[PDB]
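Trainee: First the structure, then my questions, so here it is.
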Amino acid sequence: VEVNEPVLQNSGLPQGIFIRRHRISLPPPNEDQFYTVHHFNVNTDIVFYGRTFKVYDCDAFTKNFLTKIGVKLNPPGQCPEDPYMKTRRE
Amino acid sequence: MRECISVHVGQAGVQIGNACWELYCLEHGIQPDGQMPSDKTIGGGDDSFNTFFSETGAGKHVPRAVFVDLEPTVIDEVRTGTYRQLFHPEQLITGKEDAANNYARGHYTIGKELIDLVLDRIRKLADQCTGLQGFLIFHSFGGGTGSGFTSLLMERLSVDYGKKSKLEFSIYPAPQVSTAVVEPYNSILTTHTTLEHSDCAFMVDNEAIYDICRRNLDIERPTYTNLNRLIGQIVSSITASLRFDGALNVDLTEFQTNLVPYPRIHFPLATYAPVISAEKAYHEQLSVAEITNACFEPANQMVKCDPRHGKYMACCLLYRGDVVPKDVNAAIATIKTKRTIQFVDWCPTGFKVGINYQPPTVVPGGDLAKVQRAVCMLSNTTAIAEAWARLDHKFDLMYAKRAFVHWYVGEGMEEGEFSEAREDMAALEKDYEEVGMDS
Amino acid sequence: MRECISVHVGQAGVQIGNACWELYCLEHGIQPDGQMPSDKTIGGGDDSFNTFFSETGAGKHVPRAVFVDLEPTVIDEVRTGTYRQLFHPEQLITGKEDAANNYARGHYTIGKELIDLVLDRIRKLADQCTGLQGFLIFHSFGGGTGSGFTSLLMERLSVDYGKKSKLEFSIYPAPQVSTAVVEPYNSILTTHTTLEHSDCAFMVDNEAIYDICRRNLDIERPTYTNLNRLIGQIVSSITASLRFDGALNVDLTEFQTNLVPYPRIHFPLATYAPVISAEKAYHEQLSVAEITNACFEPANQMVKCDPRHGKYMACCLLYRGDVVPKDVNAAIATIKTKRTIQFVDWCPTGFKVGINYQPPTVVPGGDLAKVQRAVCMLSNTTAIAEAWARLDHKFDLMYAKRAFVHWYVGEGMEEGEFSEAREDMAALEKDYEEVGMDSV
Amino acid sequence: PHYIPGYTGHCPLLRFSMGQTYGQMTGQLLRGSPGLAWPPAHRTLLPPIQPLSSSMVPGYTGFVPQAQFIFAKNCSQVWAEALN
Amino acid sequence: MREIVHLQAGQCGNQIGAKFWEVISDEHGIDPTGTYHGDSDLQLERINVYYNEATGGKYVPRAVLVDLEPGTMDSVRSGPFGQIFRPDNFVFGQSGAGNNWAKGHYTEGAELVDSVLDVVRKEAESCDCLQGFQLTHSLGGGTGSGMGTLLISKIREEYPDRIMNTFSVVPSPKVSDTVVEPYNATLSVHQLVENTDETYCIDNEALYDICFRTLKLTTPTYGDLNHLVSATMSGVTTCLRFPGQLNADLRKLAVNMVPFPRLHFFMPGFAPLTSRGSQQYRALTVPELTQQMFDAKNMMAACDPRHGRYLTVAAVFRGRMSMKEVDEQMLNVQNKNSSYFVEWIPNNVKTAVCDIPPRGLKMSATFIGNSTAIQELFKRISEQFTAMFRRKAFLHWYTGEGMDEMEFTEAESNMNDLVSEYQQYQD
Amino acid sequence: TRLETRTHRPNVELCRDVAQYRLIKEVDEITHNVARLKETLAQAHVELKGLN
Ligand SMILES: Nc1nc2c(ncn2[C@@H]2O[C@H](COP(=O)(O)OP(=O)(O)OP(=O)(O)O)[C@@H](O)[C@H]2O)c(=O)[nH]1
Ligand SMILES: Nc1nc2c(ncn2[C@@H]2O[C@H](COP(=O)(O)OP(=O)(O)OP(=O)(O)O)[C@@H](O)[C@H]2O)c(=O)[nH]1
Ligand SMILES: Nc1nc2c(ncn2[C@@H]2O[C@H](COP(=O)(O)OP(=O)(O)O)[C@@H](O)[C@H]2O)c(=O)[nH]1
Ligand SMILES: [Mg+2]
Ligand SMILES: [Mg+2]
């Protein structure tokens, strides 16, 4: 599992690759085992390294692959707009 | 009988003055709005308020105070504070624009748009009283509000009010740590006009309080609230023989006959002995002979001049609480046997002792403890020669190339007044040398 | 009155002081927050405590001791343990950076920064005395402030405080078993300073207590806090005549008159006689004849030196408990009849006894039993000279090549003061040689 | 809830009203002012009111969380605000 | 009641000036239509220092907006906070200054400075007891420099006891946005060495240096640069609008900084400027702002302060901090760095502490240095300009509008005189 | 709740007995049966995925 951030323009943060490509272990209840395909779905929160990301959409290829495997996807949620970038754009 | 007025001038004078008057309402029974509540068993006699209070009718007590400055932004939070109703409104007299660190803009330009009005309020306060023990002046040697308007006030009070006692309180500008750049320029034009109209004159510099608030009290990072809380306890001890009866009491007019050898040497030093913290002073006792040592310690003094290389001219102690005359005279026998303390050759009597029954009153929100007994000291030592002679150099670095003089000169004074006030400060440098040389 | 102020220096000095201030608080009635209980009375009343403790108005007892260290993390367990409400804060004097097992980093450079503070706090503990008996010093000859700032401590205590008694207990370096490699440069250069400044000086080796435990108190694997609880049983027993009333008293001044013949020889030995465990305590009757016999014995001595290679100059027995003055004298007269326990020719009297009523106190968590009577000894034998020569060899092994010498010379220190100090330790081995040769 | 007569500063809508004392008219403005939105978190007119932490000794030299942003207080008081 | 009326001169001055009312009105709970919707009474208790008041619960700024072309004033009303200005104060003309100092001073602005001095003095006679004036302009053109210099000499000769401010984004070597840029600048310091109480000098070259290095701002427009200036125009008028444990008005910093009567060019820089990435990893404390006031990176003017000598330093803080720790850290710097500080002035820092911070920040600070590093911003313009007056490169667009050749050697001698009065006092 | 308020018995009465040991047995019995139900439900979900 890799996590990336696309570079937005006037945000002052260091932007780019966030977690390097490696197998990621689970939260400490059942700590030893790593992530697999089944834990991943849409409109859920996934915890990597003390950080709980929120998932809101997929790809078309990901929809086809996950529906092939057998999971029914949730309805897609939405991403709340960044207040600083909204203020700077307007 | 025994009333005394207190005027606070300057932002430093007012902000000290808020601390002194939350001390004096809590000292007595009086609430913040001025009403003394009925039947609540306070520790005064009957007229224990009267030395700092008037008495209007329906259980209301008004202070004997007047707060003055040239800028309005620092008395307006006294006109809206918790103590807004305590004072009569026609005391807090504010100007329109400020001198902004000039004598020459306070003593010479804008002080005369206001000095006519405080000297009509000084009448209506001193018209009411029976007989004045003496005014109290509160000010700082930094700026021109608290040091230039102060100087014209004492040119006008020493003429109009005879020889009533005028105990000023100063803050000498700390040499290392300082705010203004022209602090020595203000503080050497001051000694020319406060060698003649202050009957007593005290000094406390801000840098020394910062050490005591670090070591003894354990307030790392003090602010200006803590520093003015301990100035009030020192003034509260000089006035506690007015209002509360004592086992051996000394008044305002008996320091002056006893502290001051010659009529040009009236700069004492003030110490308070169990300045100490409540979470720590649970452990140590405070005997009379223990807190007499802490007065004479070099580190506990309140102006950064070491008394070990100066020889004392007198002392003037003041004991409050649970103290007996045996344990006082036992401790003075110990101090005169140590070789480190030098007393001057022509002072064989040495000391001056006051004993009270009224303990120092703790202030909630404050930082000290509830101690049974405490000591102040009014030393008069030779060590003040090094607190003039290390602000008389910072003056003369800057005046030798005439930096900043072009601002004072335009607003009503000449080039000789900086010169006239510099030999008048190296004249007093010689009296502290010629007096302490032994026989 | 009868007051004595203890100064504890170094990590070994603080960790000894903790073990012997848990003893004193339990010896009198004092709880670990200073104040005695009000519902019960553990100790029967008097002002016994007023030679270690001191009282404010509200009935709180705060000890007259100052702990020092040049390193800030051994005091910080005193400040957080059970006895943190007992000590007034400015008695727990602490440093900023360590001493690094040098002397010249604790005698010339870093010891100068904390000699100003400790000589204004101890004048506020000797102000509130009326009659001060004398100081106590607790340290070890290994470290850098436990043995480098302690030399500069006593060089000023002999100046401003005249000749009040500066009694020191000490830890001598064990010579086979020793933690540091740097050790003989320490314990030569500090004996040269505490010759002319200390009034009495007891040595105890850490190795020599390790086998007093494992044979008598059958503790294989002793920790340093099993080891420190025996030292408090010595420090209390030499001062138990000051506090607790006795059939025959001895103060601190009457030791030095009766143990030290000449002004360099103030190095006693120690032995606590019924050092026994509670699985073996109540089957033996610990009669006074069999806890005076077991106190001269060369196994049980607390320094790694043997009294069968020299000859005794003076003894100082300290009985304590259920003892009668007659059975003391019936067992002194047995020891003197031996041809192996050799006493020196110019001391035909030999002994100094002291009898005290109060039995020694058992510590919760400790190892010894509550015994009914107990004995000390402060023997002054000729056989200390063998422990001068084993230190002299290991110093001289290194110093003929100048090993570790650049660490001391580079810190404000003359490079020829290692040879002043070896002739102060080569003169002192002849003094023990010449007070042992017989008069004929 | 009024300001005392010597007070200098800004009060809304003084300059149009007439023929009243300062304290009476200031009371009238603080009571009735429908046109202007009077703020809720106002800090001027105060009400007149009368004028572990012990698990470590006042000399303890170690790290205490969040206790370098607190000021004007004792060691025990700064530790009390940092923990509790 | 120490009120100050505001003047905004030129396209540079209006964009800087309209941002200052977008930040000060945000400091006082005021919506874009001007009325009050605030949260405290400390917002409203000294709001009459930059405002009149109109009936109905609305306040209007005391600003007069001046230009020569009418194009820029359409852009200020079309801005988001343009509704609040009184329309009687928009004073401007028909034609343009031509990016000429001379054609905006002699020819064109003289028919319009009569109209400015009627709406300026209407503000100044309605005041309670007037304290000061303000002016925002750039030293590189016609409307900012030229007529904005003429208006100062008419305010001063009628009100010579008030206090006066001036703001300047002075021209730079490395960036260059006008080819006659030194002719405009070198002539225009003639009335800023003689005829102003104060003048701050800022550099557009080092505005870009903070925005890329400190804030990591990828593409800074002119909106963010003017935000970075407006937090220092705010910073000097903080003790005048808000209480303090120690106080410093306009007049106090006039007396204390300026040693001699013609050295009043200052060097501002806001302290807790920090980036969005390192906002979460950074601690605010009173030592830590002092570390960032003083380094040569955050100075707004493009001179290096460690190339000269500091004469005096101001530091107008903002927040609840300890007055030991403020005074501890100025003893720190003068005794640590002691070559860079002047030798015949013993305490070289003026300090001040306010109470109500900038909104959002728990603590903040400001800095007003006066150094002898300012001569490399005057001497560097001098050789930038004297290359062109040798061959008379552009003079027929100034000489033909009413002036002669002696008025540059009159104003090059005076420009060299100011540089000569720093190597006097620096060494 | 049964163990939590049985442990407040006064001195001497606090004794180990058959009730205490049977309570300690049955709490572990209940946790074991809960874990078995968790396994059966977690594998029923993957067969539901297969049917989809
Ligand atoms: N002890 C104490 N000193 C203070 C306090 N406030 C300011 N100071 C000192 O006062 C000096 C400045 O002089 P001020 O008395 O404030 O000058 P001023 O009288 O207010 O003159 P203006 O500011 O023009 O009104 C500085 O050195 C401060 O250290 C205070 O609250 N307590
Ligand atoms: N008897 C005994 N000896 C100890 C104890 N703790 C340490 N030692 C001895 O102490 C010596 C080392 O010195 P330190 O304990 O470090 O004393 P110090 O003053 O801290 O020395 P520095 O670390 O250099 O500052 C070694 O000889 C140890 O054997 C103890 O609890 N009991
Ligand atoms: N701070 C700032 N400076 C500007 C802005 N626009 C232009 N400038 C500067 O102003 C200079 C132009 O001179 P200017 O005063 O605008 O000419 P004028 O207004 O037409 O008289 C250029 O050197 C620019 O560096 C802006 O939006 N903000
Ligand atoms: Mg002021
Ligand atoms: Mg150590």
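Cβ atoms are placed via backbone N, Cα and C, with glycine included.
Among the features that Swiss-Prot reports, GTP binding site is placed at E:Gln11, E:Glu69, E:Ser138, E:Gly142, E:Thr143, E:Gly144, E:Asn204, E:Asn226. If you look up Swiss-Prot, you'll see E:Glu69 marked as Mg(2+) binding site, on the strength of similarity to another entry. Summarising the annotation, Swiss-Prot assigns phosphothreonine to E:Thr55. Marked as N6-acetyllysine by Swiss-Prot: E:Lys58. Per Swiss-Prot, the feature phosphoserine maps to E:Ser172. Residues or ranges marked as motif 'MREI motif' in Swiss-Prot (evidence: similarity to another entry): E:1-4.
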Trainee: If you count CB neighbours within 10 Å, which one among the recorded positions E:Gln11, E:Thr55, E:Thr143, E:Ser172, E:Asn226 has the smallest count?
Mentor: E:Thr55
Trainee: Using Cα coordinates, what distance in whole Å links E:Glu69 (GTP binding site) and E:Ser172 (phosphoserine)?
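Mentor: Computed Cα spacing between E:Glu69 (GTP binding site) and E:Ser172 (phosphoserine) is 25 Å.
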Trainee: What are the sequence-distant neighbours of E:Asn204 (GTP binding site), meaning same chain, six or more residues apart, C-beta distance under 8 angstroms?
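Mentor: Spatial neighbours, sequence-distant, of E:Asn204 (GTP binding site): E:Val169, E:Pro171, E:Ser172, E:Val175, E:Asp177, E:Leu225.
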Trainee: Between any two of E:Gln11, E:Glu69, E:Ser138, E:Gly142, E:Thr143, E:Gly144, E:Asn204, E:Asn226, the residues recorded as binding GTP, what is the biggest Cα to Cα distance in Å?
Mentor: 24
Trainee: Of the binding-site residues listed here (E:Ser138, E:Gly142, E:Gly144), which is spatially closest to the residue listed as 'phosphothreonine' when Cα positions are compared?
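Mentor: Given the candidates E:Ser138, E:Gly142, E:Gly144, the nearest one is E:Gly144.
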Trainee: By DSSP assignment, list the helix, strand and coil residue numbers for the motif 'MREI motif' (E:1-4), in that order.
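Mentor: Final tally across the stretch: 0 helix, 1 strand, 3 coil.
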Trainee: When C-beta separations to chain C are restricted to under 8 angstroms, which of the binding-site residues E:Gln11, E:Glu69, E:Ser138, E:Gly144, E:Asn204 qualify?
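Mentor: Listed binding-site residues passing the 8 Å Cβ cut to C: none.
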Trainee: Please classify the secondary structure at E:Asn204 (GTP binding site) using three-state DSSP.
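Mentor: Assignment for E:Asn204 (GTP binding site) reads helix.
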Trainee: What three-state class does DSSP give the residue listed as 'phosphoserine'?
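Mentor: Note: the residue listed as 'phosphoserine' is coil by DSSP, not helix or strand.
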Trainee: Using DSSP, would you call E:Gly144 (GTP binding site) helix, strand or coil?
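Mentor: The residue in question, E:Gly144 (GTP binding site), is helix (DSSP, three-state).
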Trainee: Per 10 Å Cβ neighbour count, which of the binding-site residues E:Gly142, E:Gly144 ranks highest?
Mentor: E:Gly144
Trainee: Can you check which residue among the recorded positions E:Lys58, E:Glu69, E:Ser138 has the largest number of Cβ atoms within 10 Å of its own?
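Mentor: Highest number of other Cβ atoms within 10 Å: E:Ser138.
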Trainee: Relative to ligand 3, which of the recorded positions E:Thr55, E:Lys58, E:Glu69, E:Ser172, E:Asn204 have a Cβ found under 6 Å from one of its atoms?
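Mentor: E:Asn204, in sequence order.
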Trainee: On the three-state reduction of DSSP, what should I expect for E:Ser138 (GTP binding site)?
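Mentor: For E:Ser138 (GTP binding site) - judged by DSSP and reduced to three states - the answer is coil.
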Trainee: DSSP three-state call for E:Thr55 (phosphothreonine): helix, strand or coil?
Mentor: coil
Trainee: Could you tell me which of the recorded positions E:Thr55, E:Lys58, E:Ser138, E:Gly144, E:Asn204 sit with their CB under 8 A from some CB of chain D, listed in sequence order (or 'none')?
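Mentor: Only E:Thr55 pass the 8 Å Cβ test.
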Trainee: By the DSSP assignment reduced to helix, strand and coil, which category contains E:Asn226 (GTP binding site)?
Mentor: helix
